[PDB]
Amino acid sequence: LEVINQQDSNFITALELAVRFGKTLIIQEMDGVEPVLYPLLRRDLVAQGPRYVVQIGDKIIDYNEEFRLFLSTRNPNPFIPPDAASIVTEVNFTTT
Amino acid sequence: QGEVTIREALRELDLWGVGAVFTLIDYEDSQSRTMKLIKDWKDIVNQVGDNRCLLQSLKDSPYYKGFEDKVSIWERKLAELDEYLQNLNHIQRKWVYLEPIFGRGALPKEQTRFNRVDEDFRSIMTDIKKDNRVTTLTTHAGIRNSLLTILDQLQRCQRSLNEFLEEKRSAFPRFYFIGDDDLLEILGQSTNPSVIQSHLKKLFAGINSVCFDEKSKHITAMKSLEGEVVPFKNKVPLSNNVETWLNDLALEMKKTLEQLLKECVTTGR
Amino acid sequence: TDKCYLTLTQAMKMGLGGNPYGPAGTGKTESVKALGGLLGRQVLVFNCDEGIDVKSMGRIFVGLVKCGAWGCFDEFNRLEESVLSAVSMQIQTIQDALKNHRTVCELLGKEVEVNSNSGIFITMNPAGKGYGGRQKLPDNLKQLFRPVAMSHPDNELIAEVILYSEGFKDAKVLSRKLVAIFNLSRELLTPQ
Amino acid sequence: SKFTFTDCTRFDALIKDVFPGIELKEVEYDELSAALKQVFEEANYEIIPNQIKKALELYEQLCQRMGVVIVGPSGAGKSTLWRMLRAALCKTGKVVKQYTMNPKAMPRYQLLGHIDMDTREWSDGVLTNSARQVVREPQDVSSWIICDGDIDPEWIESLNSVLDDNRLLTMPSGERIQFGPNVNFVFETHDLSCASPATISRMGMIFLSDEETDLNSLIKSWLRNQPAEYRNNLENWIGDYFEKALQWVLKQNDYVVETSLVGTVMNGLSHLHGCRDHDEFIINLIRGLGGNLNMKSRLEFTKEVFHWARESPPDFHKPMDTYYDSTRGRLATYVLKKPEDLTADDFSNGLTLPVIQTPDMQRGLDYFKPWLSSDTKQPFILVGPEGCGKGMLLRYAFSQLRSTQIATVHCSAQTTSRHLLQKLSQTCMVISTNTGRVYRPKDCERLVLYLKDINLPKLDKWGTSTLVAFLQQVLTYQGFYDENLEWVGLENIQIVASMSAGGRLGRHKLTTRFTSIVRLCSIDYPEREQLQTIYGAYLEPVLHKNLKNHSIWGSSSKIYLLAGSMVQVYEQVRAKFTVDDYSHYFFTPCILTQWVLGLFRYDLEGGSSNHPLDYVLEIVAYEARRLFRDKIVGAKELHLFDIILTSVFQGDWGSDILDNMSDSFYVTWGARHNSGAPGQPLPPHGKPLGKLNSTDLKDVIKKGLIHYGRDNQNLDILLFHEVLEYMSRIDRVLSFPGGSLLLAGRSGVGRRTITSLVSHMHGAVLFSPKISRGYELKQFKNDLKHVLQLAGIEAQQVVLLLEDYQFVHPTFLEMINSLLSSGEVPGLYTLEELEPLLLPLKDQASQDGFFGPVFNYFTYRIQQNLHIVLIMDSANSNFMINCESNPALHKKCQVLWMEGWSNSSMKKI
Amino acid sequence: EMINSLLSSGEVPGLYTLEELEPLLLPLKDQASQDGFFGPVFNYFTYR
Amino acid sequence: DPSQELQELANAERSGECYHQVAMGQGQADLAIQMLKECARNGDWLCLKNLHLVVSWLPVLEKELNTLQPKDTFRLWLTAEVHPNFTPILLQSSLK
Ligand SMILES: Nc1ncnc2c1ncn2[C@@H]1O[C@H](COP(=O)(O)OP(=O)(O)OP(=O)(O)O)[C@@H](O)[C@H]1O
Ligand SMILES: Nc1ncnc2c1ncn2[C@@H]1O[C@H](COP(=O)(O)OP(=O)(O)O)[C@@H](O)[C@H]1O
Ligand SMILES: Nc1ncnc2c1ncn2[C@@H]1O[C@H](COP(=O)(O)OP(=O)(O)O)[C@@H](O)[C@H]1O
Ligand SMILES: Nc1ncnc2c1ncn2[C@@H]1O[C@H](COP(=O)(O)OP(=O)(O)O)[C@@H](O)[C@H]1O
Ligand SMILES: [Mg+2]
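Protein chains in written order, with the entry's author numbering: chain A, 3300 to 3395; chain S, 1255 to 1523; chain G, 1668 to 1859; chain P, 1908 to 2583, 2587 to 2819; chain R, 2724 to 2771; chain B, 3732 to 3827.
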């Protein structure tokens, strides 16, 4: 496990390590759906022989099979468009 | 049959094309040198404007089709000569400005720059001292890039002088409303009376002009717009350090008005 | 001018500015310069436009507090809105330095020496039905000044005193004639 | 100075009532009026006492206060006043040194000056420079800084401290420039609706009216500029025909673009000089006046003109088309000119289509011919409804010329000064004459800037576009203030612009300053009896490039009947749909043109002689189906459209012809002679198409899908009828030269999946910019330079792909709008980076036959070799704005409506 | 031989064309102006 | 105007002029954050003003409110105006 904040200095570096090493990843302070995280949230896996690689910005990075991604949110609105909500299933902790 | 008119105009312009020279005037900077600076520019430039509008007047003649080729010559000739003069006056004014400042407080990173500009200007002015015919600047050894590069290096030494300008603006308080362009004049031209009468109006709004004593070493009176004249109660010693007589102007104006009010009320009561 | 002079002198006694206002074309701008003439100061009339830098206003303020001149900031209304907000902190700092008889104030880092015979004023219109694009001033910034009403001037008194001053003798008849011509011509002729 | 006529009289009546017998005394001086009448005598104007009164009045006001407004309508003599008072004063008075700004064309920070934000460095401006130049001059001068432009408060209030009782101009740095007792500001203007009354009370004023103007006093000087070979007849005909026809047009007032009086006069006059006889002069008067009306009034305009002429023509039915010949003295026969030069080599370029010379095109050419000749340097603007035939006919009239150099620039809602400046400076010399540097067309004589759209650029929040203000500056003063502080003239340039009628949204209205300077008229839709002839003469050769000598096809009554049927379809579809439904029910005859030029793609060979009605009619119905049908949203409208299409095909021939070919799929993958990938230049009509089956297309898809999943992600793609439909529709548009798509649908459905597969099956490179954290616009510019370099140099067929999550900065849709519409991206490359890159293209430019510079060839290769794919979600909030705010984004690319699977297929999944 | 030239002089002869030097050396005139190095831009490029 | 009451309160309860205040405008935000951190460490007060103009700044402000580790006697005083499109999260974590 590694847990990271949204407005954090080492975001993309730790994201690269979490995609490579096969971590289970939890993101704290999400304000919506990041622009970076679209092909990783989808399925975009070009094959290199037996493995698969996935696009993160400019790099080409091996998609480890132990990749599990969760992310938290502190405000029910912000932020989803109607494009990044048909792939992401949304859960609302609420006081009833 | 008015071809003789166009021919007559071209003979007039040819008579112009041999005569005109400069007015070579010995001028001395702070350290002792002497260069032939050039005055009476408008006399030269207005003739050029007259000649170009005269060529435009020749362009409306119906017999222009047989004489177009000489008009092309004089067109390109005046088109070069105008830009050359209208650059050289800039270079002259900015060089006169920036000689004494780098002369007095020499910082060598500025000095190498301004010495190269000094060499590149005085080398041109020596060849003008040799031949003073006005169409020789059309026929020198590629002066165009020399003039443009001297202008560009002066722009760059201005950008170097920004910091010293803010130092003197923090020194004397009224300078925040003078531009840089006049402030470095008043810093450099610390004795020139034409500069003082041309730019002391915009500093103190009341004084429109001042007088001078018999040797131009003291200021004794001040004027108005309509010519209201008030003498000063004491002479004002001019010097090089500009704040060290502007402060004297401020104090001596206030003391003069103060004693003049007392004298008036003392007789009036 | 009785109204204007007393409001501005009491506002200077309390260590604040002065904000005369009203409709267009009255005399509020020249009234400040007239007060500076009757007092013995120097007046540096400005204009405030385009949304200039708060550092650009700061250096102007540094010049005014070092010299000792009244900034008559004509058209302080039309200025970019957040610039007004930072300028509010600047003016408050200067007015604190005045009221506590401070010799050394401090804005934009340096220790600028403030002058005791200083002063700041503005002039403005209210952003009415046809006064163009002007943004409304902050409430905090309004609390720093002291507003003066300058709505209606007179027309008979000025016109008779001017004509009596200019060598003409029959001012008391003709001034009323002028003012009645103005009022009738404005009043009945078709409003272009 | 302020008053009209009657209000000045009533003011005089009031002055009598306050002061009983002390009424009047006039202007004391006259020796300046002698010089004023002298200067009018010099410059060959007329001499009107009213102009004299106004000029003496202006000199009084200029002595009195600091600034003068000159209120007046368009063209009604408000600039000649100061223009002649200049010389009339300068003959005796000292020096009148004129500086001329136009304050709306250039941006603010160049005009009033501004500061570099990071450097703290004062950049100078235009009139700050002019103020320094005037305060340099000695005491024996006078100068008139003139701002000949419209009025906004947020700049004109910056001069309150100048126009004060005080006289001072201030910089924002604190630098303050005074003024002496010399200077005046003169503000020529149009109206003062938008000025605050601080300025109105601050400066002097001169009023002008539409009652003081003398029309005959401008007819006479124009008659004095005539070469004395026709003036007897022209004056005899003007003096008894002109005033009636002018006052009747001012009575009707149904004119489509608003002009002043002077504008209507000049539009009447500039179609006249060179008439011979009376019957020709009538028709020149009609073409002068009636161009600005509309068709409800032009007909009775012609009726009253011919009826209150001598006689009536034999064009009693439709009298808009009278062809006066000089050769015989013929009045009117409207004749149709049919070409007979018809192959498929004409249609090779998408442009340069063979223009069928119909009588309305002849009326347009008879309109154009007097103004584009080398004796009448006239700027003019066509008006037409959108998609009607403007650009084609104006390019034909460009081709009729002699030594010109056309340079078309597509304007839009972002077009500014610098874009037209660089489109000029790519093809124009820089030669340095006397009186300032100037621009001259290279290797030609009359360069023509063809501005495509004028309604479309953007107002500010007062109503004044900077583009139209700039072109007003150019067409009035023949120059502009270039930056780096120097005026730059122009030499030999026309401006012939185009526009549509201001009906829809995004179409602003034009100021009356720009309208009454230059010329204009209007034209109408080609109607049904014309369009049947146009598309009959298109449908005969494109058919008869094959099976020309066979049974039913030929004997071209049937070829005419097919075109008449399609025109009936087009008319009923425009009758049943509108633009109030959605943003994109676009219907021009551009659709009919693309439709009937689609039929090159099909194997219409007919050597195996069929029925053969069904084999070509089902082809026609499928092409019509995939053009019209696939943009209709609601299902009930789809059923109504089916009823329309079927009712047409049954009313034309019997019944039951469309019956059962819903299983057909005309795809690239299989045709005659094995369509089948090499061959990287494209055919002139794309790869040809052919008939297939469902299951066979399934095997072709499975083969290409296996080959895709070899070197990509292995795809678990299912199959049902709708995916077969969608892949057929993507293939039959991406196999067109220069095709693009707008995919409007729900999220989640496969769109990028099918387009990636078809991009792999046709071997085209697919490209999509991969966003990161630091998104910019510089990033996007470099990626567009990459794609444009590849697709416009190496002749490779490229598919570009942008989706919703990548538009991360709001100018991206505008760049894609331009790159769709024109073929260029404006302000992308510099000047130095085009010659070492386009340098290897001159060889093929030499061999192919394409002329002009190399950059047009580069743009043409990009227009042939670049495909754009936009995936946009339907129920996003910004979809309506980003379909209305870019009009070419639903005119260029075909728009498929992917939303919603069937009820039937969700059962089968 | 190419490495011999690029060691000895500072240039590689016959490498660039003429058209591919001005859009590339075009951002160097500013530092060329400020530094004091004269002549054309290509000598400054070779010196760097 | 609340400013005079706050000034008198800061003169009453504290001494040595601990009271520090910054208005919100063009070019004051990035020094406002620095003064926020510094007066959080010092324990001295801070009065921000006019938080209805800088509406696209307040996510940074709520992030820094969530992140910081204050001391005792620190008191943050805000001043805003009635404004639509405000951010809920700092409205949750404040008195009104
Ligand atoms: N004395 C005269 N006799 C005949 N025609 C005249 C006379 N004076 C001016 N004109 C004509 O009036 C026309 C318009 O003049 P002017 O430009 O002053 O009008 P304007 O309203 O300033 O134009 P704009 O509407 O562009 O501002 C000119 O074409 C000129 O030929
Ligand atoms: N009390 C007064 N006596 C004489 N003239 C006045 C007086 N008040 C105003 N004026 C004149 O009115 C004009 C405008 O005054 P100003 O202060 O500029 O008003 P505003 O700023 O509203 O235009 C000035 O020229 C001034 O000379
Ligand atoms: N008389 C005609 N004969 C044949 N085709 C025509 C005729 N008039 C118009 N068209 C068709 O209409 C189209 C008009 O395009 P155009 O109106 O120039 O576009 P825009 O309105 O964008 O300038 C042409 O492409 C042409 O195919
Ligand atoms: N017809 C289909 N059969 C099987 N899977 C499909 C089909 N259409 C879409 N999908 C699924 O949709 C996913 C891709 O969706 P995508 O094309 O990214 O949606 P969008 O085009 O809206 O971005 C693939 O994982 C694929 O499994
Ligand atoms: Mg005019």
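Note that beta-carbon positions come from the ideal geometry of N, C-alpha and C, so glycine has one too.
Which first and last residues belong to the beta strand (DSSP E) in which residue i is found?
{"i": "residue 2346 (chain P)", "result": "2345-2348"}
{"i": "residue 2335 (chain P)", "result": "2335-2338"}
{"i": "residue 1476 (chain S)", "result": "1472-1476"}
Using alpha carbons as the reference points, say which of the options lies closest to residue i.
{"i": "residue 1828 (chain G)", "options": "G:1714, G:1817, G:1816, G:1843", "result": "G:1843"}
{"i": "residue 3335 (chain A)", "options": "A:3394, A:3323, A:3348, A:3358", "result": "A:3358"}
{"i": "residue 2585 (chain P)", "options": "P:2707, P:2766, P:2509, P:2173", "result": "Between 2583 and 2587 the numbering of chain P has a gap, and residue 2585 (chain P) falls inside it, with no coordinates."}
{"i": "residue 2128 (chain P)", "options": "P:2741, P:2246, P:1950", "result": "P:1950"}
{"i": "residue 2279 (chain P)", "options": "P:2412, P:2257, P:2426", "result": "P:2426"}
{"i": "residue 1368 (chain S)", "options": "S:1355, S:1295, S:1500", "result": "S:1355"}
{"i": "residue 1473 (chain S)", "options": "S:1327, S:1506, S:1321", "result": "S:1506"}
{"i": "residue 2273 (chain P)", "options": "P:2230, P:2256, P:1936", "result": "P:2230"}
{"i": "residue 3742 (chain B)", "options": "B:3788, B:3758, B:3753, B:3775", "result": "B:3775"}
{"i": "residue 2232 (chain P)", "options": "P:2202, P:2182, P:2275", "result": "P:2182"}
{"i": "residue 2673 (chain P)", "options": "P:2570, P:2592, P:2133, P:2297", "result": "P:2592"}
{"i": "residue 1306 (chain S)", "options": "S:1408, S:1335, S:1363", "result": "S:1335"}
{"i": "residue 1514 (chain S)", "options": "S:1383, S:1488, S:1492", "result": "S:1488"}
Counting only C-beta atoms, is residue i closer than 8 Å to chain G at any point?
{"i": "residue 1504 (chain S)", "result": "no"}
{"i": "residue 1921 (chain P)", "result": "yes"}
Could you tell me which residues DSSP pairs with residue i in its beta bridges?
{"i": "residue 2400 (chain P)", "result": "P:2354"}
{"i": "residue 2315 (chain P)", "result": "P:2357"}
Would a check of beta-carbon distances place residue i closer than 8 Å to chain P?
{"i": "residue 1266 (chain S)", "result": "no"}
{"i": "residue 1530 (chain S)", "result": "Residue 1530 (chain S) falls outside the range modelled here, since chain S spans only 1255 to 1523, and no answer is possible."}
{"i": "residue 1433 (chain S)", "result": "yes"}
Taking residue i as part of the alpha helix (DSSP H), name the residues at either end of that continuous run.
{"i": "residue 2448 (chain P)", "result": "2435-2450"}
{"i": "residue 1499 (chain S)", "result": "1497-1522"}
{"i": "residue 2328 (chain P)", "result": "2324-2332"}
For the putative contact between residue i and residue j, defined by C-beta atoms under 8 Å, what is the C-beta separation to the nearest angstrom?
{"i": "residue 2333 (chain P)", "j": "residue 2765 (chain P)", "result": "7 Å"}
{"i": "residue 2598 (chain P)", "j": "residue 2578 (chain P)", "result": "5 Å"}
{"i": "residue 2392 (chain P)", "j": "residue 2036 (chain P)", "result": "6 Å"}
Determine whether the Cβ of residue i lies closer than 8 Å to any Cβ atom of chain A.
{"i": "residue 3819 (chain B)", "result": "yes"}
Quick check on residue i - is its C-beta less than 8 Å from some C-beta in chain S?
{"i": "residue 1776 (chain G)", "result": "no"}
{"i": "residue 1757 (chain G)", "result": "no"}
{"i": "residue 2733 (chain R)", "result": "no"}
Between residue i and chain C, is any beta-carbon pair separated by less than 8 Å?
{"i": "residue 2762 (chain R)", "result": "Among the chains of the structure shown, chain C does not appear; the protein chains present are A, S, G, P, R and B."}
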